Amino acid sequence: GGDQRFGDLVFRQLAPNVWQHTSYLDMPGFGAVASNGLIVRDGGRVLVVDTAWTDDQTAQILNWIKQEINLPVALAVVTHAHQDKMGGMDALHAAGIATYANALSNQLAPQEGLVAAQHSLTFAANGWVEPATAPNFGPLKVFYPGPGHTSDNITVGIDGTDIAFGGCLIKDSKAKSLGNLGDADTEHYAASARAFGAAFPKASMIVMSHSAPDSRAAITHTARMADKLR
């Protein structure tokens, strides 16, 4: 009903200062796969969570931001070294945008056929980002839940909203599978899922890479499906 099309992307306002960006890529056995990230206005700047699949699509995200918000993009954080999350890093860099990822994502990105972020996040033992490594993140609350979908997957809550972003760790409350497990940590996936849920106990809107936003039943149901792996 409320989704705004812009070229080949889709933008959905989730909250006063928060939009979901969605881009698509054909893959065998799936069709044209939606990948979601976030756009957050924080005062006079914009923050991005995840690229689109490609440079061109990512440049279109920046064009939408220019048209609809018309404020500088201060930074992007990208939530692991796969194409749906880091495929457009060159577009961000060309645009002069500072980029952040888990240290491990930056380490894996070259061999994944991806471009590393410019800055590395590190995490306390409890999984909260070390705040000095995430300067100017404003309302973004970055959390490493443990290895799951990938060894390097991270998650993002938004202060002052009921939104938490699971990226490709979380699936929707009616999801059939855990999707791509080629890089999954089969032993630990199950626990990582429930850690995300625990880190963001108040969030009623669970946003994720490959489904529309859902209730926390997404977390309960993802944890459940994961339990069957270990």
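Numbering starts at 1 and follows the sequence shown.
Mean C-alpha B-factor comparison - 5-13 and 217-225, higher one: Mean B over CA atoms: larger for 217-225.
Stretch exceeding the other in mean C-alpha B-factor - 119-127, 83-91: Comparing 119-127 with 83-91, the higher average CA B-factor belongs to 119-127.
Top residue by Cα temperature factor, when 30, 189, 53, 64 are compared in the entry: Each of 30, 189, 53, 64 was compared by C-alpha B-factor; the highest is 189.
Candidate set 35, 173, 57, 70 [ranked by C-alpha B-factor, highest]: If I rank 35, 173, 57, 70 by C-alpha B-factor, first place goes to 173.
For residue 18, the third of its chain into which the C-alpha B factor falls: Ranked within chain, residue 18 CA B lands in the middle tercile.
Chain thirds of CA B-factor: placement of residue 168: Ranked within chain, residue 168 CA B lands in the middle tercile.
Residue 160 by Cα B-factor - lowest, middle or highest third of the modelled chain: Top third by C-alpha B-factor.
Among modelled residues of the same chain, the CA temperature factor third for residue 207: Middle third, going by the recorded CA B-factors of the chain.
Within-chain third of residue 145 by Cα B-factor, per the entry: Residue 145: CA B-factor falls in the highest third of its chain.
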